[PDB]
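For the record, the sequence lines run as chains A and B. Residue numbers for the first sequence, in this note's numbering: 27 to 198. Residue numbers for the second sequence, in this note's numbering: 379 to 549. We treat Cβ as the ideally placed atom computed from N, Cα and C, and that holds for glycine.
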Amino acid sequence: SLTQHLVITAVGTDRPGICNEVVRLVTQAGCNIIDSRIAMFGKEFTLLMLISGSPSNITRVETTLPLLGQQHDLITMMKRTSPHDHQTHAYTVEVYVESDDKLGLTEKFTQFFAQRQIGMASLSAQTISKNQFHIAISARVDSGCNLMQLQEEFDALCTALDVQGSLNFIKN
Amino acid sequence: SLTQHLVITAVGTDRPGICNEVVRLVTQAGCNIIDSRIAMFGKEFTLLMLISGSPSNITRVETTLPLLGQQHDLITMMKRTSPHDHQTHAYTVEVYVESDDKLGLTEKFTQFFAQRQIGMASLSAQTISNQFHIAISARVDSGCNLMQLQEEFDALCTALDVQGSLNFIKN
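Pasting the structure below:
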């Protein structure tokens with residue numbers, strides 16, 4: 027059949043089985059779960075998800091999902107999208123930047139990865155207790171990426187912006 | 379000054395600098411980005427983000443974020459929450475399950491980990507071409523009895539008669 031893809035976003039007060047019903051409703055709808063991201067932020071359950079199924083099954087998910095969010099104070103958001111081309115990743119680079127000035131610094135580092143077409147998976151930019159600003163980014167690069175070269179360019183940027191930054195590589 | 383926390387979630391067509399916009403709007407509003415999850419699913423930019431700031435700044439972001447979205451065809455959702463008890467995990471457990479049946483197999487494994495208070499970071503449950511595979515990346519702190527976890531997990535797979543494995547990775 028014509029396999030259709032859908033993107034799901036959900037936020038709800040984290041409780042024992044909230045994530046059960048979600049994958050329950052999705053899998054029990056005939057759809058496949060291509061990938062997802064689950065994070066516990068604050069007292070909240072946050073989920074990013076990409077599913078695929080027949081046009082019939084997806085609609086089934088597009089209809090039933092909001093109801094689940096009604097009886098659980100859950101908040102949903104969906105959006106159909108083109109199929110997902112699997113980008114296998116060979117490494118996870120973890121970056122850590124520290125500065126005393128936060129002025130437009132974070133977007134300099136996200137741009138660093140965009141210019142190189144490296145997708146980030148997580149980020150944090152914040153002022154710590156006690157007058158410094160710390161940025162933390164996690165990104166995935168494939169096997170075709172020159173690691174020693176990525177590290178050098180990252181060091182140059184850090185020199186250019188006069189901040190302290192470290193880079194870490196982790197393969198899976 | 380009475381720190382407020384805001385969970386933000388967005389999904390729009392993946393374009394360049396789209397993420398930059400979000401980070402710019404939030405940081406210029408004087409807020410901190412405590413954590414976030416970014417992913418490119420299909421052809422969409424996907425974001426989960428937890429920010430915090432004073433009520434004035436959070437209100438500012440709550441006010442101007444939707445607008446930014448209207449600009450970049452980005453649909454967003456927001457909700458305030460309580461302080462973040464930032465947990466650290468001693469191990470990352472990669473789980474892999476291979477079966478020749480789809481029927482209610484997924485809930486079994488999520489329940490398995492929810493019941494044991496072991497959080498999941500990612501999940502994929504799909505058929506591959508007549509075998510339904512489940513990949514789960516979960517977090518396990520140091521107070522976990524790895525021997526018991528292994529045994530119970532093996533008993534799960536045995537009861538469902540599927541093939542499962544766990545790979546303990548140190549963070």
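Distance CB(residue i)-CB(residue j) smaller than 9 Å
i, j, result
"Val-385/B", "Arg-438/B", "no"
"residue 244/A", "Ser-414/B", "Missing from the structure shown is residue 244/A; chain A here goes from 27 to 198 and no further."
"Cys-397/B", "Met-75/A", "no"
"residue 354/B", "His-450/B", "Outside the displayed range of chain B (379 to 549) lies residue 354/B, so it cannot be described from this structure."
"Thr-424/B", "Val-473/B", "no"
"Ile-161/A", "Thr-114/A", "no"
"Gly-447/B", "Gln-54/A", "no"
"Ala-468/B", "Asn-549/B", "yes"
"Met-104/A", "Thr-454/B", "no"
"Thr-35/A", "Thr-536/B", "no"
Minimum Cβ-Cβ distance from residue i to chain C less than 9 Å
i, result
"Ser-78/A", "No chain C is present in this structure, whose protein chains are A and B."
Between the CA atoms of residue j and residue i - distance to the nearest angstrom
i, j, result
"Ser-430/B", "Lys-486/B", "35 Å"
"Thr-505/B", "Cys-57/A", "9 Å"
"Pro-394/B", "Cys-522/B", "42 Å"
"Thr-118/A", "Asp-392/B", "21 Å"
"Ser-164/A", "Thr-136/A", "10 Å"
"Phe-180/A", "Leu-187/A", "11 Å"
"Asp-168/A", "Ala-151/A", "25 Å"
"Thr-89/A", "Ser-155/A", "45 Å"
"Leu-93/A", "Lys-480/B", "24 Å"
"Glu-476/B", "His-464/B", "33 Å"
"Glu-529/B", "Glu-178/A", "46 Å"
Neighbour-count burial assignment, residue i, 16 or more Cβ in a 10 Å radius
i, result
"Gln-541/B", "exposed"
"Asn-83/A", "buried"
"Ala-65/A", "buried"
"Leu-176/A", "buried"
Closest Cα partner of residue i within the set the options
i, options, result
"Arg-166/A", "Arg-142/A, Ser-155/A, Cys-184/A, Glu-179/A", "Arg-142/A"
"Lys-421/B", "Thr-53/A, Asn-198/A, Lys-69/A, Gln-30/A", "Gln-30/A"
"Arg-50/A", "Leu-28/A, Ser-27/A, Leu-91/A", "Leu-91/A"
"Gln-158/A", "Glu-178/A, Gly-130/A, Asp-126/A, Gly-95/A", "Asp-126/A"
"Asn-194/A", "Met-174/A, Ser-108/A, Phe-67/A, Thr-102/A", "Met-174/A"
"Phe-490/B", "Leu-445/B, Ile-547/B, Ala-533/B, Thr-387/B", "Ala-533/B"
"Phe-419/B", "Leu-93/A, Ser-108/A, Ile-144/A", "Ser-108/A"
Cut-off 7 Å between Cβ atoms - residues of its own chain near residue i, not counting five sequence neighbours on either side
i, result
"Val-52/A", "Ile-59, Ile-77, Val-87"
"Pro-433/B", "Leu-380, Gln-382"
"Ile-547/B", "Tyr-469, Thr-470, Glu-472"
Close beta carbons around residue i, own chain, < 6 Å, minus the five adjacent residues each side
i, result
"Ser-543/B", "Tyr-474"
"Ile-496/B", "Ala-516, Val-518"
Residue i beta carbon near the ligand MG (any heavy atom closer than 8 Å)
i, result
"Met-75/A", "With respect to the ligand MG, the structure offers nothing, as it holds no ligand at all."
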